[PDB]
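Trainee: Kindly generate the corresponding structure for this input.
(chains A, B, C, D, E, F and G, ligands or ions: 4)
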Amino acid sequence: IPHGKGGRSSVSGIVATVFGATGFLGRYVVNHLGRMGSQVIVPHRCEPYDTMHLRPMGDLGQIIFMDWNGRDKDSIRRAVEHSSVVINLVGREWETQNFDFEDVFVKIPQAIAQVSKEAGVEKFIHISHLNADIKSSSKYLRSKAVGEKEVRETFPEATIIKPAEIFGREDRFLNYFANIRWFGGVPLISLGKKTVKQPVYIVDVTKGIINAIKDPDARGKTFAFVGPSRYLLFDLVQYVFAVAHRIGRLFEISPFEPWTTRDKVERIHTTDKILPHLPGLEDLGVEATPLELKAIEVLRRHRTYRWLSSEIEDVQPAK
Amino acid sequence: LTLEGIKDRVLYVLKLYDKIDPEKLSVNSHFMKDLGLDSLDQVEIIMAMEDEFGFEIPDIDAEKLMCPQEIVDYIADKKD
Amino acid sequence: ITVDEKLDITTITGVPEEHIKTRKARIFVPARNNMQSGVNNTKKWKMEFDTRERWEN
Amino acid sequence: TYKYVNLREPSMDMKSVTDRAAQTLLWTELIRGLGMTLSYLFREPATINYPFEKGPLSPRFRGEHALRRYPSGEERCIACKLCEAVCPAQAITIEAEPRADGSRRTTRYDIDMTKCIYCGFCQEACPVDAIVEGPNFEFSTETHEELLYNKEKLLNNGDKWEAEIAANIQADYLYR
Amino acid sequence: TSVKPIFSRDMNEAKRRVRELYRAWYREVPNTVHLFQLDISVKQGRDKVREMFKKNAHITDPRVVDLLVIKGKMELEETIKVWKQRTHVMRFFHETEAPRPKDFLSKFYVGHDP
Amino acid sequence: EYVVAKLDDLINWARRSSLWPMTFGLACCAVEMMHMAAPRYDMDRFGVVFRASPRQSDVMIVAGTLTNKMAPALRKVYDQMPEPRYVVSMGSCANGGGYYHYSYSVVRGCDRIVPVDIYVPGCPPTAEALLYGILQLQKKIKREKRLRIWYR
Amino acid sequence: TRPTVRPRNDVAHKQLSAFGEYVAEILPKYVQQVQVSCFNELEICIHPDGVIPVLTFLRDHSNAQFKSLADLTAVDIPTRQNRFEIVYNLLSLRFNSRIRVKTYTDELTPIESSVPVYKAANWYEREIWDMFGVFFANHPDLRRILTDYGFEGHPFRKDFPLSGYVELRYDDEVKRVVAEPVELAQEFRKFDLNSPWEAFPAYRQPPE
Ligand SMILES: NC(=O)c1ccc[n+]([C@@H]2O[C@H](COP(=O)([O-])OP(=O)(O)OC[C@H]3O[C@@H](n4cnc5c(N)ncnc54)[C@H](OP(=O)(O)O)[C@@H]3O)[C@@H](O)[C@H]2O)c1
Ligand code: SF4
Ligand code: SF4
Ligand code: SF4
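Mentor: Numbers count the residues shown, from 1 in each chain, chains lettered A, B, ... in the order given. Ligands and ions are numbered 1, 2, ... in the order given. There you are, the coordinates:
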């Protein structure tokens, strides 16, 4: 039962759990539950010290850590037994040399869609992506739209989420560009046609969850996440060079965490804007955020001072 | 140093702000027995005619202007 | 000397925040705890405000 | 009264001024001390070789806390709510509630070990003479979730050595 | 009330004053916005200044309107110089703090008796 | 296969055996830090050489009381330190603030500002439960950089 | 009575009656009350007008030197209807004595700086502007000392709840150290010590 005011050292009655919640997204959600009060049980896989930069997030005795593997059907059953809502961000990019990647969107999201359903969680949640379509594409982008089919079977109440290409602070989406000091910028694939997607700013997505986290009355009913206006141009790859003015790694260095001459190059140009009829955002709102204004912050390079940026974009068309 | 110098500069500025005056660019506009705004707002208008065209109005001047007549004129006898 | 008489009811503004108009103070003579007979805890008109929620941590 | 320091005048005669010109130009001073008073290294070093040897103390020392009990144990604390009320820092927290027989004792007793400023005001207000600052600097754990103490951490920490404590007070209690 | 006023006399020289230092703020928001290496839309910096000066509007008196100034006249010392390190400034625009409901029925489900 | 887990008997024995602590003097607690580097209990030459510049350090140390105006300074300094960094608070005022914990101008606790690791408890910790608090931090590297590359 | 009770001394109490008799004699435009603290110290109740004036008389003379300014301070009393108070405190090096000068005020009424009389009220006047809010005019400089750059409350007066209104905490969501309203982990218990029976008869307040 909620008490007092939402500042910190308060209650607000919801427990949670957030699986994953180390890399870019999960760190940035829990930080919004280390404020309005919670009990956020964040487990994590292998990382003893990479989770510390998190701890000054909940006040005291709020967030609490466990250890788990995730192919053991017990490790997901020992935590969740006491919970209210449980969201799931788990999963990643490239196929691991260990995890074969095929069912880690299939077996894992179900492996935690095991006793969670049984044990009496509620308002269980999962992630989708705006561009994943069960027609043939894309080797990584596929197996994600299987969860929308395969996993939705279990837990008839989900409110599974479908956002766009997101740009954060430390994010890897818009940062693959501008790391491209290289033989030259070569768009994908050397064509200025279908860029770009709906680049929503990471706050609005992470403010969506906690707006549905007790919504009420969204369960089973899936939503998708609007971008800003409107579609976008090729200039986005020029815009990068317009302003830029041209966990558990190792001790020394790794062996392979590449640019992946594979799905990576073709996952970024898959575009496929999709069904509007999903509610999907202002209903869960109220949030929408632009690009032109919020892309200076995340981009700071070797001038570090000059900006003087006047150049904008129409939409662009198909708009 | 022309009366086409100081009537051209003035009359577009007052249009350029996003606030009240809608083409009252007639040179008399008498401000709040006339069109009307908050006193602090009238004190905004004074500044942009100085950074432009070069000028000061240090003094009780800006309190008496009340019309693009006087400002033009007080500029008129000022520069030339 | 600039004596410049005038009358404006003294008030002051901006130092606290929203607690100016939200609350109601109270001016009352303390009542003497009755378990003992000592009459010296009276005699000063204090003031004390409304009480808002204390919760549990 | 007074004294006057740095009030002197040079003598100004050629028996002296050589003695001050045999000084500037030949460095006859400035090698006096630090040609010498430095070495003077030949004294035995003074070091307490730490992991083994240790240094002095006194029976009145202050440190980690305890709660004694008499012979066969009564949990000497009666919960009279004093060592709580003289505490400057306000670390102490006490909640009594009548124990089954009807003799009163505690339930929660928590000394925060960060706030405690080490007075010696909670050793000296307890009339039944329970709570006692131990003489062991065993400390330093790695999580602030810890140093807060409960009751049933203290008693052990005060029954781990009572051969230390029970032999200090009987040196010290004759003074106060 | 008989006590010597501070600077102003009645309301005019006073309300010449508040008009005045406005510009020292209005002319200098942005030189900082490149100086601290803080990134915002420079027009924000001109909204807040005009958001504050409109705030305390109901003031009926001299020696109040002079009092507030003596605060306001100061800040231009620190800010136009660097005595703050990015984090004494940006605190004006509160980024992290979750919203307050301020409406009715949004309260009634969270928090007791405000 | 097994070479990795034998390699971390080197790199996880190197980082624990040479520390370059920064210190913050602020308040009373600074003097009972000095006497750790005075010859009685001799801090250096037991493997830990004393203060260096902000850039070259590993373990920063917070003594003293952290008011409002000092917070904007610390946060910044903690960053610039290289990777293998830790934060070891000490004294009853970096743990929740000694007393002054109810004051207006003292931050309450200095865990709130940074991800602090080890604690020590009391106006001045006795220049002993300091070193005892480090021989926690040289024993708090049992961790392995194996089993991040080499499991997942 | 002798063994444990502080033995008094009369001589010191005769003169500081005299020498203070007549500084109500030669500056009656200003001084409105004077008295002798039972411990042989003086308190001169002075209107707020003379501050620069009276000291200047105390600044030099052959019968009262009072060159050494020791302690400026303040006290803030509600239900005095003019809130604050000043207390100057001055030592006269030749004549071995302390004479303190009390001058009341309000927040709004300014008081005039003592800075040209003594150059050691330079700091002690910068401070008070921070804490209580008194505003000293014509002061070569007025700024913020002892306090952070954020405190808009002027603490030491009696309306500031001890813990200030904003705790501080650092979060990594961006890169600053930012300020969220104060949320404690313990109530700060309020004890209640004031015992009845009025143990002091001599100070007995008027009968009413
Ligand atoms: N919504 C979007 O815009 C978007 C964009 C790209 C990708 N995604 C997908 O949506 C989620 C966003 O992830 P992200 O942005 O935080 O990047 P991320 O690097 O994939 O973060 C995932 C974290 O969880 C770990 N992890 C990987 N597989 C795991 C597993 N089976 N079980 C437990 N932990 C696992 C990862 O390594 P460790 O095991 O060592 O912790 C990593 O620490 C991911 O599922 C991602 O594949 C979403
Ligand atoms: S020890 Fe003395 S003070 Fe502490 S609780 Fe028992 S009785 Fe009360
Ligand atoms: S030890 Fe010092 S501080 Fe801790 S309680 Fe006893 S007196 Fe109060
Ligand atoms: S007690 Fe508080 S102040 Fe005295 S040293 Fe330890 S921390 Fe610094």
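Trainee: just the strands in chain G please.
Mentor: All strands of chain G, identified by DSSP state E, fall at G:31-37, G:41-46, G:68-69, G:73-76, G:84-91, G:98-104, G:111-112, G:136-137, G:166-170, G:177-181.
Trainee: Helices of chain B, residue ranges please.
Mentor: B:3-16, B:39-45, B:61-64, B:68-79 (DSSP state H).
Trainee: Equivalent analysis for chain E, please.
Mentor: E:12-27, E:30-35, E:42-53, E:65-80.
Trainee: And the residue of chain D that's closest to ligand 4?
Mentor: Taking C-beta to the nearest ligand atom as the measure, chain D has residue D:117 as its residue closest to ligand 4, at 6.2 Å. Every C-beta, even on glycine, is put in place using the N, C-alpha and C of the backbone.
Trainee: no wait, chain B
Mentor: residue B:40 (49.4 Å).
Trainee: so what's that residue up against?
Mentor: E:15, E:18-19, E:22, E:53-54 (C-beta atoms under 8 Å, 6 or more residues apart in numbering or on different chains).
Trainee: ok, 7 Å please
Mentor: residue E:19 (C-beta atoms under 7 Å, 6 or more residues apart in numbering or on different chains).
Trainee: Against residue E:6, how distant is it?
Mentor: 21 Å (C-beta to C-beta, to the nearest Å).
Trainee: Equivalent analysis for residue E:25, please.
Mentor: Distance of residue E:25 to residue E:6, given as C-beta to C-beta: 21 Å.
Trainee: and what of residue D:96?
Mentor: When residue D:96 is compared with residue E:6 (using C-beta to C-beta), they lie 58 Å apart.
Trainee: neighbour-wise, which of those two wins?
Mentor: residue E:6 (19 against 16; other C-beta atoms under 10 Å in any protein chain shown).
Trainee: Where does chain E get nearest to chain G, residue-wise?
Mentor: Per C-beta to the nearest C-beta, the residue of chain E with the smallest distance to chain G is residue E:3, at 4.2 Å.
Trainee: Report how many residues lie close to the nearest residue to residue G:71 once chain neighbours are set aside.
Mentor: Among residues not flanking residue G:71 along the chain, residue G:89 sits closest, at 4.2 Å (C-beta to C-beta, 6 or more residues apart in numbering or on different chains). Residues contacting residue G:89 under the criterion other C-beta under 10 Å number 15.
Trainee: ok, which residues in chain E are in contact with ligand 4?
Mentor: Not one residue of chain E sits near ligand 4, judged by C-beta under 6 Å from any ligand atom.
Trainee: Up against chain C, what does chain E have?
Mentor: E:1-2, E:4, E:56, E:59-61, E:64, E:68, E:112-113 (C-beta under 7 Å from any C-beta of the partner chain).
Trainee: number of nearby residues for residue D:114?
Mentor: 27.
Trainee: make that residue A:120, sorry
Mentor: 12.
Trainee: And the helices in chain D?
Mentor: D:16-21, D:151-159, D:169-172.
Trainee: hmm, the second one touching ligand 3?
Mentor: No: Helix D:151-159 is not in contact with ligand 3 by C-beta under 6 Å from any ligand atom; minimum separation 12.3 Å.
Trainee: Buried residues, that helix. List them.
Mentor: Going by neighbour count (16 or more other C-beta atoms under 10 Å in any protein chain shown), the buried part of helix D:151-159 is D:151, D:154-155, D:157-158.
Trainee: Of all residues in chain B, which one is closest to ligand 1?
Mentor: Counting by C-beta to the nearest ligand atom, chain B gets nearest ligand 1 through residue B:18, at 37.7 Å.
Trainee: Can you tell me how far that residue is from residue A:172?
Mentor: Applying C-beta to C-beta to residue B:18 and residue A:172 gives a distance of 41 Å.
Trainee: ditto for residue A:136
Mentor: 25 Å.
Trainee: for the residue lying closest to residue D:68 once chain neighbours are set aside, what are its contacts?
Mentor: Leaving out its chain neighbours, the residue that sits closest to residue D:68 by C-beta to C-beta, 6+ apart is residue D:76, at 5.1 Å. Going by C-beta under 7 Å, 6+ apart, residue D:76 touches D:67-70, D:128, D:130.
Trainee: Report the buried residues of the lengthiest helix in chain F.
Mentor: Secondary structure of chain F per DSSP H: the longest helix is helix F:71-80. With burial defined by 16+ other C-beta under 10 Å, the residues of helix F:71-80 counted as buried are F:71-72, F:74-76, F:78.
Trainee: Tell me which of the helices of chain D approaches residue F:120 most closely.
Mentor: Of all those, it is helix D:151-159 that lies closest to residue F:120, at 16.7 Å by C-beta to C-beta.
Trainee: What is the closest one packed up against?
Mentor: Using 3 or more C-beta pairs under 7 Å, 6 or more residues apart in numbering or on different chains; DSSP states H and E, the elements in contact with helix D:151-159 are strand D:65-67, strand D:106-109.
Trainee: Deepest-packed of the ones you listed, please.
Mentor: Across these, the average number of neighbours (mean count of other C-beta atoms under 10 Å in any protein chain shown) peaks for strand D:65-67, which reaches a mean of 21.
Trainee: Pull up the residues of chain C that are close to chain A.
Mentor: C:53, C:55, C:57.
Trainee: one more time with 6 Å
Mentor: residue C:55 (C-beta under 6 Å from any C-beta of the partner chain).
Trainee: any idea which helix or strand carries the residue in chain C that ligand 2 sits nearest to?
Mentor: Residue nearest to ligand 2 within chain C (C-beta to the nearest ligand atom): residue C:35, separated by 21.8 Å. Under DSSP states H and E, no helix or strand contains residue C:35.
Trainee: what about it, neighbour count?
Mentor: Neighbours of residue C:35 (other C-beta under 10 Å): 5.
Trainee: and the gap between it and chain G?
Mentor: Distance of residue C:35 to chain G, computed by C-beta to the nearest C-beta, to the nearest Å: 10 Å.
Trainee: which phi and psi does that residue have?
Mentor: phi -60, psi -10 (degrees, to the nearest 10).
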